[PDB]
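*Asks:*
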Amino acid sequence: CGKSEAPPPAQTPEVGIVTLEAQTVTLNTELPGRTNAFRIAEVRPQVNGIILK
Amino acid sequence: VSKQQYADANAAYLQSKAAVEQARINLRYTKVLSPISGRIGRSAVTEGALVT
Numbered sequence: 083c084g085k086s087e088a089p090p091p092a093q094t095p096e097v098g099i100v101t102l103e104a105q106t107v108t109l110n111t112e113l114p115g116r117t118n119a120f121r122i123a124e125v126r127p128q129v130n131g132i133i134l135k
Numbered sequence: 188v189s190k191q192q193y194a195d196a197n198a199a200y201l202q203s204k205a206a207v208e209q210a211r212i213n214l215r216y217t218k219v220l221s222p223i224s225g226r227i228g229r230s231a232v233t234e235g236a237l238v239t
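So this is what it looks like as structure tokens:
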């Protein structure tokens with residue numbers, strides 16, 4: 083009769099490769115913050131009395 | 188001069204020395220000397236601020 087049809091057993095299948103190499107990287111972060119003035123002076127009086135002008 | 192007049196004069200002299208020492212303390216206070224040695228942080232007030 084027949085009809086066996088044995089496939090080839092040995093395949094050793096294909097893979098995908100990349101070849102990595104040495105490389106320099108800079109590590110940098112990003113942090114929140116507020117802006118402040120260089121000098122702030124709160125004008126407070128040093129005597130007592132009515133503001134005339 | 189009497190010994191009592193000298194005893195009064197040097198007493199007034201030492202009282203004036205104590206008064207000028209009291210003034211030297213307040214002159215020393217306006218330069219804020221650091222009370223201990225260590226790491227200082229940041230200034231909570233800037234130039235132009237009124238303190239008490």
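Just so you know, the protein sequences line up as chains A and B, in that order. So the first sequence is numbered by UniProt numbering: it starts at 83 and just counts up by one. So the second sequence is numbered by UniProt numbering: it starts at 188 and just counts up by one. Just so you know, even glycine gets a beta-carbon here, dropped at the ideal spot from N, CA and C.
#1: Could you work out which residues of chain B lie near A/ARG121, taking near to mean beta carbons separated by less than 7 Å?
#2: Run down chain B in chain order and give the residues with a C-beta less than 7 Å from the C-beta of A/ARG116.
#3: Can A/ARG121 and B/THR233 be called in contact, C-beta distance under 8 Å?
#4: Does any residue of chain B have a CB that is nearer than 8 Å to the CB of A/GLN128?
#5: Just to confirm, is the Cβ distance from B/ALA236 to A/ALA123 under 8 Å?
#6: My parser needs the beta strand (DSSP E) runs of 3 or more residues fully inside the stretch 198 to 235 of chain B; what are they?
*Replies:* This is what the structure gives:
#1: Neighbours of A/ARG121 across chain B, judged by C-beta separation under 7 Å: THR233, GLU234, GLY235.
#2: For A/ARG116, there are no C-beta contacts with chain B under 7 Å, since the nearest C-beta of that chain is about 14 Å from it.
#3: Yes, the pair counts as a contact, with Cβ atoms nearer than the cut-off.
#4: The beta carbon of A/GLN128 falls within 8 Å of a beta carbon belonging to chain B, placing the residue at that interface.
#5: Against a cut-off of 8 Å, the Cβ pair of A/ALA123 and B/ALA236 comes out as a contact.
#6: Segments of the beta strand (DSSP E) lying fully in the stretch 198 to 235 of chain B: there are none.
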